[PDB]
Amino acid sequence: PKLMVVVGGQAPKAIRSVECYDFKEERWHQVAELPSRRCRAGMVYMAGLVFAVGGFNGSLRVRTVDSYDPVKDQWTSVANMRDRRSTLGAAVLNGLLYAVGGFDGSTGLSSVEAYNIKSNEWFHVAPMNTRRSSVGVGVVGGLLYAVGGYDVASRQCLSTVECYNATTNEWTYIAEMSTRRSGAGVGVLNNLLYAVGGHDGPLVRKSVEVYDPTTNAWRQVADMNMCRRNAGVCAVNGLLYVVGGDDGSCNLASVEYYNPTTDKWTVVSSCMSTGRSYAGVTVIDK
């Protein structure tokens, strides 16, 4: 029994709303709202809590971090990050929460920091090879991957991907994606890393590609039903869910899921209370 949790986002401005999808009831619910309006935050499930990391409050990029206890339905502040980070990616690897890249209000970041829940402290780890704002991240096979994004040095949306090894504290480029994707959704399903949508300038992608670490190669799968950048992504019960996002002009309220056995994308019949982009998405135990 899982619940999909969707936190904040732009609809069209930063909001506090936190919605949960109950797969058994097949209904959405509003749960405890974020203490402050947020979009473009990282989102992870760790130690039974949902961590909302950084983001944008409509005015400033922030270094705040809050954790949500699904049982108590309560948000609590945790230690601020070292750096302001908005449009970062966040992931858990070996019990540490990583905040990867993003934008601090000035420039995109190659820096990365990690959070130790035992000490409630953040510390920098090795930076990425490239600055990446609007970066997606995923963990598979004990490695952390930073996928696409935007590099202000070259003013390019990125087709490159790099992988972090926590044992050596090193980032290394892996195989390049087929196309540039800033704002790609990233998920992991059946030992494959998915890069979902994104954009290259005003060109928003409906294409999706998958990466196999054992072969270090990418290939494309079925297109989504619609173009999406800044969509949230999670894996549930053998399917990959893609939540909201925008098509470059409008924020989307729809969710669609991918079935890797049928190579088909299906739009979920029940949409969120409103179209939202840049929302944090994760899955928790019910």
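Numbers for residues come from their place in the sequence shown, where the first is 1.
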Could you check the entry and say whether 243-251 or 31-39 has the higher mean CA B-factor? 243-251
So 151-159 or 92-100, which one's hotter by mean CA B-factor in the entry? 92-100
Note to self: of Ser86, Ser110, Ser207, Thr214, the C-alpha temperature factor tops out at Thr214
Check the PDB entry and point out which of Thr130, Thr172, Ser133, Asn120 has the largest C-alpha temperature factor. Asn120
Going by the recorded CA B-factors, say which third of the chain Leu3 sits in, lowest, middle or highest. highest
Which third of the chain holds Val44 when residues are ordered by C-alpha B factor: lowest, middle or highest? middle
Check where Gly54 lands among this chain's C-alpha B-factors and tell me if it's the lowest, middle or highest third. lowest
Sorting by Cα B-factor within the chain, modelled residues only, which third would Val65 end up in: lowest, middle or highest? lowest
Give the position of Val233 by CA B-factor within its chain, expressed as the lowest, middle or highest third. middle
